[PDB]
$ cat start_5.cif   # mmCIF, N, CA, C and O atoms
data_model
#
loop_
_atom_site.label_atom_id
_atom_site.label_comp_id
_atom_site.auth_asym_id
_atom_site.auth_seq_id
_atom_site.Cartn_x
_atom_site.Cartn_y
_atom_site.Cartn_z
N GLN A 606 -96.41 -6.60 45.22
CA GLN A 606 -97.28 -5.43 45.16
C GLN A 606 -96.50 -4.19 44.74
O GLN A 606 -96.94 -3.42 43.88
N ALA A 607 -95.31 -4.01 45.32
CA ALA A 607 -94.42 -2.95 44.87
C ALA A 607 -93.94 -3.19 43.44
O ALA A 607 -93.70 -2.23 42.71
N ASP A 608 -93.80 -4.46 43.04
CA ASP A 608 -93.43 -4.75 41.65
C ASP A 608 -94.52 -4.32 40.68
O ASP A 608 -94.23 -3.76 39.62
N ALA A 609 -95.78 -4.58 41.03
CA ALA A 609 -96.90 -4.11 40.21
C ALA A 609 -96.97 -2.59 40.20
O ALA A 609 -97.28 -1.98 39.16
N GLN A 610 -96.70 -1.96 41.34
CA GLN A 610 -96.66 -0.50 41.39
C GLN A 610 -95.56 0.05 40.47
O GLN A 610 -95.78 1.03 39.75
N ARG A 611 -94.39 -0.58 40.49
CA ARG A 611 -93.30 -0.16 39.61
C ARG A 611 -93.63 -0.44 38.14
O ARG A 611 -93.20 0.32 37.26
N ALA A 612 -94.37 -1.51 37.86
CA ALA A 612 -94.83 -1.76 36.50
C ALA A 612 -95.78 -0.66 36.03
O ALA A 612 -95.69 -0.20 34.89
N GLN A 613 -96.70 -0.24 36.90
CA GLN A 613 -97.58 0.88 36.56
C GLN A 613 -96.78 2.16 36.36
O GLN A 613 -97.10 2.97 35.48
N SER A 614 -95.76 2.38 37.19
CA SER A 614 -94.91 3.56 37.03
C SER A 614 -94.16 3.52 35.70
O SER A 614 -94.03 4.55 35.02
N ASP A 615 -93.66 2.35 35.31
CA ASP A 615 -93.01 2.21 34.01
C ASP A 615 -93.99 2.43 32.87
O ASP A 615 -93.63 3.00 31.84
N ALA A 616 -95.23 1.97 33.03
CA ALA A 616 -96.26 2.23 32.03
C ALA A 616 -96.52 3.72 31.90
O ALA A 616 -96.67 4.24 30.78
N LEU A 617 -96.59 4.43 33.02
CA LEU A 617 -96.77 5.88 32.98
C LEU A 617 -95.58 6.57 32.32
O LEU A 617 -95.75 7.53 31.56
N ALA A 618 -94.37 6.10 32.61
CA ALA A 618 -93.18 6.66 31.98
C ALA A 618 -93.19 6.43 30.47
O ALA A 618 -92.83 7.33 29.70
N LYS A 619 -93.74 5.30 30.03
CA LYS A 619 -93.70 4.97 28.58
C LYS A 619 -95.02 5.32 27.88
O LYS A 619 -95.17 6.48 27.43
N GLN A 620 -95.97 4.37 27.83
CA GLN A 620 -97.21 4.58 27.03
C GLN A 620 -98.01 5.79 27.54
O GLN A 620 -98.48 6.56 26.69
N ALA A 621 -98.16 5.95 28.86
CA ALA A 621 -98.99 7.06 29.36
C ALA A 621 -98.33 8.40 29.00
O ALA A 621 -99.06 9.33 28.62
N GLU A 622 -97.00 8.48 29.11
CA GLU A 622 -96.27 9.72 28.74
C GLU A 622 -96.44 9.99 27.24
O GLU A 622 -96.62 11.17 26.87
N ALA A 623 -96.34 8.95 26.41
CA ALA A 623 -96.50 9.13 24.94
C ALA A 623 -97.92 9.64 24.66
O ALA A 623 -98.07 10.56 23.84
N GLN A 624 -98.91 9.06 25.35
CA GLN A 624 -100.32 9.50 25.17
C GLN A 624 -100.46 10.95 25.63
O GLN A 624 -101.19 11.70 24.96
N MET A 625 -99.79 11.34 26.72
CA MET A 625 -99.84 12.74 27.21
C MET A 625 -99.22 13.67 26.17
O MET A 625 -99.76 14.78 25.97
N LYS A 626 -98.12 13.25 25.54
CA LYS A 626 -97.48 14.07 24.47
C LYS A 626 -98.46 14.21 23.30
O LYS A 626 -98.56 15.33 22.73
N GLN A 627 -99.17 13.13 22.96
CA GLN A 627 -100.16 13.18 21.86
C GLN A 627 -101.26 14.18 22.24
O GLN A 627 -101.69 14.95 21.36
N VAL A 628 -101.68 14.17 23.51
CA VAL A 628 -102.74 15.10 24.00
C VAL A 628 -102.24 16.53 23.86
O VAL A 628 -103.03 17.39 23.43
N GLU A 629 -100.97 16.78 24.21
CA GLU A 629 -100.39 18.14 24.10
C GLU A 629 -100.39 18.56 22.63
O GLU A 629 -100.74 19.73 22.35
N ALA A 630 -100.03 17.64 21.73
CA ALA A 630 -100.01 17.96 20.28
C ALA A 630 -101.43 18.31 19.82
O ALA A 630 -101.59 19.28 19.05
N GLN A 631 -102.43 17.56 20.30
CA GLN A 631 -103.84 17.81 19.92
C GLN A 631 -104.26 19.19 20.43
O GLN A 631 -104.96 19.90 19.69
N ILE A 632 -103.84 19.55 21.65
CA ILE A 632 -104.18 20.88 22.23
C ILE A 632 -103.54 21.97 21.37
O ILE A 632 -104.21 22.99 21.11
N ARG A 633 -102.30 21.75 20.92
CA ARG A 633 -101.61 22.75 20.06
C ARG A 633 -102.39 22.89 18.74
O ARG A 633 -102.56 24.03 18.28
N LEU A 634 -102.85 21.76 18.19
CA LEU A 634 -103.63 21.80 16.92
C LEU A 634 -104.92 22.59 17.15
O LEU A 634 -105.28 23.38 16.26
N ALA A 635 -105.57 22.38 18.29
CA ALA A 635 -106.83 23.10 18.61
C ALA A 635 -106.54 24.60 18.72
O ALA A 635 -107.36 25.39 18.22
N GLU A 636 -105.42 24.97 19.34
CA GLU A 636 -105.04 26.40 19.46
C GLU A 636 -104.82 26.98 18.06
O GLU A 636 -105.28 28.12 17.81
N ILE A 637 -104.17 26.22 17.18
CA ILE A 637 -103.92 26.69 15.79
C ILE A 637 -105.27 26.90 15.09
O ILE A 637 -105.42 27.91 14.39
N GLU A 638 -106.21 25.97 15.30
CA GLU A 638 -107.55 26.08 14.67
C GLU A 638 -108.25 27.34 15.20
O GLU A 638 -108.89 28.03 14.39
N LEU A 639 -108.13 27.61 16.50
CA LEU A 639 -108.76 28.81 17.10
C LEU A 639 -108.14 30.07 16.48
O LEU A 639 -108.90 31.01 16.18
N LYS A 640 -106.82 30.06 16.28
CA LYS A 640 -106.13 31.23 15.66
C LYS A 640 -106.66 31.41 14.23
O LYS A 640 -106.91 32.57 13.84
N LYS A 641 -106.84 30.31 13.50
CA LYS A 641 -107.36 30.38 12.11
C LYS A 641 -108.77 30.97 12.13
O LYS A 641 -109.07 31.81 11.27
N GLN A 642 -109.59 30.55 13.10
CA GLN A 642 -110.98 31.06 13.21
C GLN A 642 -110.94 32.56 13.50
O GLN A 642 -111.75 33.30 12.91
N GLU A 643 -110.02 33.00 14.37
CA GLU A 643 -109.89 34.44 14.70
C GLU A 643 -109.49 35.21 13.43
O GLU A 643 -110.06 36.30 13.20
N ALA A 644 -108.58 34.65 12.64
CA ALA A 644 -108.15 35.31 11.38
C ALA A 644 -109.35 35.42 10.44
O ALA A 644 -109.51 36.48 9.81
N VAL A 645 -110.16 34.36 10.36
CA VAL A 645 -111.36 34.37 9.47
C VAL A 645 -112.32 35.46 9.95
O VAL A 645 -112.87 36.17 9.09
N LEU A 646 -112.49 35.59 11.27
CA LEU A 646 -113.40 36.63 11.83
C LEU A 646 -112.86 38.01 11.47
O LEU A 646 -113.67 38.88 11.11
N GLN A 647 -111.54 38.20 11.56
CA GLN A 647 -110.92 39.51 11.21
C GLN A 647 -111.18 39.80 9.72
O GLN A 647 -111.50 40.95 9.40
N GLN A 648 -111.05 38.77 8.87
CA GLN A 648 -111.29 38.95 7.41
C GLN A 648 -112.75 39.35 7.20
O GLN A 648 -113.00 40.25 6.36
N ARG A 649 -113.68 38.72 7.93
CA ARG A 649 -115.12 39.05 7.80
C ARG A 649 -115.35 40.50 8.22
O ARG A 649 -116.12 41.20 7.54
N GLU A 650 -114.69 40.93 9.30
CA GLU A 650 -114.83 42.33 9.78
C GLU A 650 -114.31 43.28 8.70
O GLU A 650 -114.96 44.32 8.46
N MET A 651 -113.18 42.93 8.06
CA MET A 651 -112.61 43.79 6.99
C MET A 651 -113.60 43.87 5.83
O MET A 651 -113.79 44.97 5.29
N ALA A 652 -114.24 42.74 5.49
CA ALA A 652 -115.23 42.72 4.38
C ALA A 652 -116.41 43.63 4.75
O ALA A 652 -116.88 44.36 3.87
N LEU A 653 -116.85 43.57 6.01
CA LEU A 653 -117.99 44.42 6.47
C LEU A 653 -117.58 45.89 6.36
O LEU A 653 -118.42 46.70 5.92
N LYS A 654 -116.34 46.22 6.73
CA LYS A 654 -115.85 47.62 6.65
C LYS A 654 -115.84 48.06 5.18
O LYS A 654 -116.24 49.21 4.91
N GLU A 655 -115.42 47.17 4.27
CA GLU A 655 -115.40 47.49 2.82
C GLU A 655 -116.84 47.74 2.34
O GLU A 655 -117.03 48.67 1.54
N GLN B 606 -86.14 -1.60 37.73
CA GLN B 606 -86.05 -0.19 38.13
C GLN B 606 -85.03 0.55 37.27
O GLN B 606 -85.30 1.65 36.77
N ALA B 607 -83.86 -0.06 37.06
CA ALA B 607 -82.86 0.55 36.18
C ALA B 607 -83.34 0.58 34.73
O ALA B 607 -83.03 1.52 34.00
N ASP B 608 -84.08 -0.45 34.31
CA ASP B 608 -84.64 -0.44 32.96
C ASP B 608 -85.61 0.72 32.77
O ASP B 608 -85.59 1.40 31.74
N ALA B 609 -86.47 0.96 33.76
CA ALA B 609 -87.39 2.09 33.70
C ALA B 609 -86.64 3.41 33.75
O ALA B 609 -87.05 4.39 33.11
N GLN B 610 -85.55 3.48 34.52
CA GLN B 610 -84.74 4.69 34.54
C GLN B 610 -84.14 4.98 33.16
O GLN B 610 -84.14 6.13 32.70
N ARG B 611 -83.62 3.94 32.50
CA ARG B 611 -83.10 4.11 31.14
C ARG B 611 -84.21 4.52 30.18
O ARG B 611 -84.00 5.36 29.29
N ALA B 612 -85.40 3.93 30.33
CA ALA B 612 -86.53 4.31 29.49
C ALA B 612 -86.90 5.77 29.69
O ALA B 612 -87.19 6.48 28.72
N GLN B 613 -86.89 6.24 30.94
CA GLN B 613 -87.19 7.65 31.21
C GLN B 613 -86.13 8.56 30.63
O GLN B 613 -86.45 9.63 30.09
N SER B 614 -84.86 8.17 30.73
CA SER B 614 -83.78 8.98 30.15
C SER B 614 -83.93 9.09 28.64
O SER B 614 -83.82 10.18 28.06
N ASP B 615 -84.20 7.96 27.98
CA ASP B 615 -84.42 7.98 26.53
C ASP B 615 -85.67 8.77 26.17
O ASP B 615 -85.70 9.44 25.13
N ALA B 616 -86.71 8.70 27.00
CA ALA B 616 -87.91 9.48 26.76
C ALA B 616 -87.63 10.97 26.81
O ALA B 616 -88.10 11.74 25.97
N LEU B 617 -86.85 11.41 27.81
CA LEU B 617 -86.47 12.81 27.88
C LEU B 617 -85.63 13.21 26.68
O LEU B 617 -85.82 14.29 26.10
N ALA B 618 -84.69 12.34 26.28
CA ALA B 618 -83.85 12.64 25.12
C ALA B 618 -84.68 12.79 23.85
O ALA B 618 -84.41 13.66 23.02
N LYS B 619 -85.69 11.94 23.68
CA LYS B 619 -86.53 11.99 22.48
C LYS B 619 -87.49 13.18 22.51
O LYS B 619 -87.74 13.80 21.47
N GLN B 620 -88.04 13.51 23.68
CA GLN B 620 -88.98 14.61 23.78
C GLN B 620 -88.29 15.97 23.80
O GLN B 620 -88.97 16.99 23.59
N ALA B 621 -86.98 16.01 24.04
CA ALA B 621 -86.26 17.28 23.94
C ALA B 621 -86.35 17.86 22.54
O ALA B 621 -86.52 19.07 22.36
N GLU B 622 -86.23 17.00 21.52
CA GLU B 622 -86.35 17.47 20.14
C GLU B 622 -87.74 18.03 19.86
O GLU B 622 -87.87 19.05 19.19
N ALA B 623 -88.78 17.37 20.37
CA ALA B 623 -90.14 17.87 20.17
C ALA B 623 -90.35 19.20 20.88
O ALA B 623 -91.01 20.10 20.34
N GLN B 624 -89.82 19.34 22.10
CA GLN B 624 -89.93 20.61 22.81
C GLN B 624 -89.20 21.72 22.07
O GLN B 624 -89.70 22.85 21.97
N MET B 625 -88.01 21.42 21.53
CA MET B 625 -87.28 22.40 20.74
C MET B 625 -88.05 22.77 19.48
O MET B 625 -88.05 23.93 19.06
N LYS B 626 -88.70 21.79 18.86
CA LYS B 626 -89.51 22.07 17.67
C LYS B 626 -90.69 22.98 18.01
O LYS B 626 -91.00 23.91 17.25
N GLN B 627 -91.34 22.74 19.15
CA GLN B 627 -92.44 23.61 19.57
C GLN B 627 -91.94 25.02 19.86
O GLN B 627 -92.61 26.01 19.51
N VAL B 628 -90.77 25.15 20.50
CA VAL B 628 -90.21 26.47 20.77
C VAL B 628 -89.88 27.19 19.47
O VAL B 628 -90.11 28.39 19.33
N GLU B 629 -89.31 26.46 18.50
CA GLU B 629 -89.00 27.05 17.20
C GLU B 629 -90.27 27.49 16.49
O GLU B 629 -90.30 28.55 15.85
N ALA B 630 -91.34 26.69 16.58
CA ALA B 630 -92.61 27.07 15.99
C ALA B 630 -93.17 28.33 16.64
O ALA B 630 -93.70 29.21 15.96
N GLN B 631 -93.05 28.44 17.97
CA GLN B 631 -93.51 29.64 18.66
C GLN B 631 -92.71 30.87 18.23
O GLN B 631 -93.28 31.95 18.00
N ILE B 632 -91.39 30.73 18.11
CA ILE B 632 -90.55 31.85 17.68
C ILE B 632 -90.90 32.26 16.26
O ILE B 632 -90.99 33.46 15.94
N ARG B 633 -91.09 31.28 15.37
CA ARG B 633 -91.47 31.58 14.00
C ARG B 633 -92.84 32.26 13.94
O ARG B 633 -93.05 33.16 13.13
N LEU B 634 -93.77 31.82 14.78
CA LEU B 634 -95.09 32.46 14.83
C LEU B 634 -94.98 33.91 15.30
O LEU B 634 -95.67 34.79 14.77
N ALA B 635 -94.13 34.16 16.30
CA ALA B 635 -93.92 35.53 16.75
C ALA B 635 -93.33 36.40 15.65
O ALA B 635 -93.74 37.54 15.44
N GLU B 636 -92.35 35.85 14.91
CA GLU B 636 -91.76 36.60 13.80
C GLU B 636 -92.78 36.85 12.70
O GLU B 636 -92.80 37.93 12.10
N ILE B 637 -93.64 35.87 12.42
CA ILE B 637 -94.67 36.04 11.40
C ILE B 637 -95.67 37.10 11.82
O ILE B 637 -96.12 37.91 11.00
N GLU B 638 -96.04 37.12 13.10
CA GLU B 638 -96.94 38.16 13.60
C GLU B 638 -96.29 39.54 13.49
O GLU B 638 -96.95 40.51 13.11
N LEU B 639 -95.00 39.63 13.82
CA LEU B 639 -94.30 40.90 13.68
C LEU B 639 -94.27 41.36 12.23
O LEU B 639 -94.48 42.55 11.94
N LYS B 640 -94.02 40.44 11.30
CA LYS B 640 -94.01 40.80 9.88
C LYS B 640 -95.39 41.23 9.41
O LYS B 640 -95.52 42.21 8.66
N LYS B 641 -96.44 40.52 9.83
CA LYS B 641 -97.79 40.87 9.42
C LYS B 641 -98.21 42.22 9.99
O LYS B 641 -98.97 42.96 9.36
N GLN B 642 -97.72 42.56 11.19
CA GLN B 642 -98.01 43.87 11.76
C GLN B 642 -97.43 44.99 10.89
O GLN B 642 -98.08 46.02 10.68
N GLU B 643 -96.22 44.79 10.38
CA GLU B 643 -95.59 45.78 9.51
C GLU B 643 -96.20 45.75 8.12
O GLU B 643 -97.31 46.24 7.91
#

$ encode --input "start_5.cif" --output "structure tokens"
Amino acid sequence: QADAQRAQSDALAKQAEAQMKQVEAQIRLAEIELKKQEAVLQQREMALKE
Amino acid sequence: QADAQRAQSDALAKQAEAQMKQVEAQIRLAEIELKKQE
């Protein structure tokens, strides 16, 4: 039972950690997309001012 | 247990480069924002 627990811990150290890193990368990509949307909104505001 | 410890050590060694890359990207973004402000 402890061996299965240690196997799950090793899985978390390996595949689950890699999946968590992929999730962090996806969150960073989403933040970059939000920044791009904010820049587009600023450009639209500049066009309205013009 | 020792095999998992070695796997964790190698995982930290490999993810250190990714963390450094993210920090470099953040620093570059701050510099780009400073340049765009000027």

$ interface_residues --input "start_5.cif" --of "chain A" --to "chain B" --cutoff "8 Å" --atoms "all atoms listed in the file" --output "list in words"
residues 611, 614, 615, 616, 618 and 619 of chain A

$ axis_aligned_box --input "start_5.cif" --around "segment 624-636 of chain B" --padding-each-side "4 Å" --output "AutoDock Vina command-line options"
--center_x -91.5 --center_y 28.6 --center_z 17.5 --size_x 16.4 --size_y 26.6 --size_z 18.7

$ atom_distance --input "start_5.cif" --atom1 "atom C of residue 633 of chain A" --atom2 "atom C of residue 630 of chain B"
10.9 Å

$ atom_distance --input "start_5.cif" --atom1 "atom C of residue 635 of chain A" --atom2 "atom C of residue 623 of chain A"
18.3 Å

$ atom_distance --input "start_5.cif" --atom1 "atom O of residue 625 of chain A" --atom2 "atom C of residue 611 of chain B"
19.1 Å

$ decode --input "start_5.cif" --residues "segment 613-655 of chain A" --atoms "C-alpha atoms" --output "mmCIF file, in the first residue's frame"
data_model
loop_
_atom_site.group_PDB
_atom_site.id
_atom_site.type_symbol
_atom_site.label_atom_id
_atom_site.label_comp_id
_atom_site.auth_asym_id
_atom_site.auth_seq_id
_atom_site.Cartn_x
_atom_site.Cartn_y
_atom_site.Cartn_z
ATOM 1 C CA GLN A 613 1.558 7.838 -7.068
ATOM 2 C CA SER A 614 4.095 10.244 -5.552
ATOM 3 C CA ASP A 615 6.572 9.403 -8.324
ATOM 4 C CA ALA A 616 3.806 9.961 -10.881
ATOM 5 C CA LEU A 617 3.135 13.386 -9.353
ATOM 6 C CA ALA A 618 6.866 14.167 -9.432
ATOM 7 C CA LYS A 619 7.044 13.180 -13.131
ATOM 8 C CA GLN A 620 3.933 13.271 -15.404
ATOM 9 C CA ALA A 621 1.727 15.347 -13.041
ATOM 10 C CA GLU A 622 4.538 17.940 -12.563
ATOM 11 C CA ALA A 623 5.101 18.089 -16.370
ATOM 12 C CA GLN A 624 1.323 18.597 -16.852
ATOM 13 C CA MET A 625 1.392 21.364 -14.158
ATOM 14 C CA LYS A 626 4.283 23.077 -16.049
ATOM 15 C CA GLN A 627 2.199 22.836 -19.273
ATOM 16 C CA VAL A 628 -0.757 24.430 -17.367
ATOM 17 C CA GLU A 629 1.550 27.278 -16.190
ATOM 18 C CA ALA A 630 2.713 27.816 -19.813
ATOM 19 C CA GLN A 631 -0.960 27.923 -20.967
ATOM 20 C CA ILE A 632 -1.743 30.510 -18.211
ATOM 21 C CA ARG A 633 1.242 32.626 -19.409
ATOM 22 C CA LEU A 634 -0.087 32.396 -23.015
ATOM 23 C CA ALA A 635 -3.562 33.503 -21.785
ATOM 24 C CA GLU A 636 -1.964 36.491 -19.956
ATOM 25 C CA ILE A 637 -0.096 37.424 -23.195
ATOM 26 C CA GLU A 638 -3.425 37.212 -25.123
ATOM 27 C CA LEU A 639 -5.090 39.491 -22.500
ATOM 28 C CA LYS A 640 -2.197 42.003 -22.875
ATOM 29 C CA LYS A 641 -2.662 41.913 -26.695
ATOM 30 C CA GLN A 642 -6.435 42.545 -26.236
ATOM 31 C CA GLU A 643 -5.644 45.524 -23.927
ATOM 32 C CA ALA A 644 -3.241 46.918 -26.582
ATOM 33 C CA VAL A 645 -5.994 46.523 -29.255
ATOM 34 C CA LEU A 646 -8.459 48.384 -26.952
ATOM 35 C CA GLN A 647 -5.881 51.206 -26.486
ATOM 36 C CA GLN A 648 -5.459 51.406 -30.309
ATOM 37 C CA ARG A 649 -9.286 51.611 -30.700
ATOM 38 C CA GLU A 650 -9.383 54.440 -28.089
ATOM 39 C CA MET A 651 -6.618 56.289 -30.026
ATOM 40 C CA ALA A 652 -8.645 55.874 -33.268
ATOM 41 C CA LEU A 653 -11.763 57.274 -31.494
ATOM 42 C CA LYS A 654 -9.684 60.272 -30.259
ATOM 43 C CA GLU A 655 -8.451 60.851 -33.864
#
